[PDB]
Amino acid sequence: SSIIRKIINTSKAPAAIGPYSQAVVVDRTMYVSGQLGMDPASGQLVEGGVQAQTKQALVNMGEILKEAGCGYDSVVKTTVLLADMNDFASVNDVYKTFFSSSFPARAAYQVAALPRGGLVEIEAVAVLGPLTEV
């Protein structure tokens, strides 16, 4: 009845920019921090705008999931935080390439500002497999 916690850390995703872990696993549930569109090597936001940042944020998420033994199919809930609501459709177009069926539950909204002036931040809850779809 003792629950195992694992702090997930991989250099394949950027170092946290504050006092947080990239993700925390407790039993089979994985809480993934808000991912920004940052290059893992320089820590800087990638160039090219909201789609580029969304892609990088979700690539970063994928590396964190993989470090825990999971993939995008393990994600059950996300929150998509935008700097500009006008970007919803552009963000959705990128997002659906990573989550293409059996989509996560989601909330999405425009916030006042994101860390580092990012255009998008995406957090997630995942469940460590095996997963059976019904």
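Counting begins at 1, following the sequence as shown.
Legend: mean Cα B-factor per stretch from the PDB entry, 56-64 versus 25-33; the higher mean is in 25-33.
For the two regions 122-130 and 14-22, the entry's Cα B-factors average higher over 122-130. The residue among 44, 51, 78, 92 whose C-alpha carries the highest B-factor in the deposited model is 44.
For residue 82, the recorded CA B-factor ranks within the lowest third of the chain. Only modelled residues enter the ranking. Sort the chain's modelled residues by C-alpha temperature factor and residue 70 lands in the highest third, per the entry.
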